[PDB]
């Protein structure tokens, strides 16, 4: 769920919680969030990421290019 908190990982490639193909942060269009800058609890939301710049005491989240499967954590090592 986090080999630290913004340093080491693997599932961040772009695979939600288990392996749900994530997105690229293309914001709404057709579906995707716009929170991808650096300054929050951390950074990583780049081209398609999974980290915790959103503040979620559990796992690294990320959304996908689709609403039904809009999001979840990520199959990143450590868990």
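Note that the numbers count up from 1, one per residue, in the order the chain is shown.
Placed from the backbone N, Cα and C atoms, the Cβ positions cover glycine too.
These features come from Swiss-Prot:
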type	residues	note
DISULFID	1-79	disulfide bond
DOMAIN	1-79	domain 'Kringle 1'
DISULFID	22-62	disulfide bond
REGION	24-43	region 'Disordered'
SITE	32	site 'Interacts with fibrin'
SITE	34	site 'Interacts with fibrin'
DISULFID	50-74	disulfide bond
Secondary-structure category, per DSSP, in which residue 32 (site 'Interacts with fibrin') falls: coil
Fewest-neighbour residue among disulfide-bonded residues, criterion Cβ within 10 Å, set 1, 74: 1
Spatial neighbours of residue 50 (disulfide bond) among the recorded positions 22, 32, 62, 79 [C-alpha, 10 Å]: 22, 62
Among 1, 34, 74, 79, which are recorded as recorded positions, the nearest neighbour of residue 22 (disulfide bond) by Cα: 74
Residue among disulfide-bonded residues 62, 79 with least C-beta crowding, 10 angstrom cut-off: 79
Minimum Cα separation from residue 62 (disulfide bond), reported as the residue among recorded positions 1, 32, 34, 74, 79 that achieves it: 74
Intrachain C-beta neighbours of residue 32 (site 'Interacts with fibrin'), sequence separation six or more, cut-off 8 angstroms: 23, 24, 25, 26, 63, 65
Cβ-Cβ distance under 8 Å to residue 34 (site 'Interacts with fibrin'), same chain, at least six residues away: 25, 27, 28
Three-state secondary structure, residue 50 (disulfide bond) (per DSSP): coil
Composition by DSSP (helix, strand, coil) of residues within the domain 'Kringle 1' (1-79): 3 helix, 10 strand, 66 coil
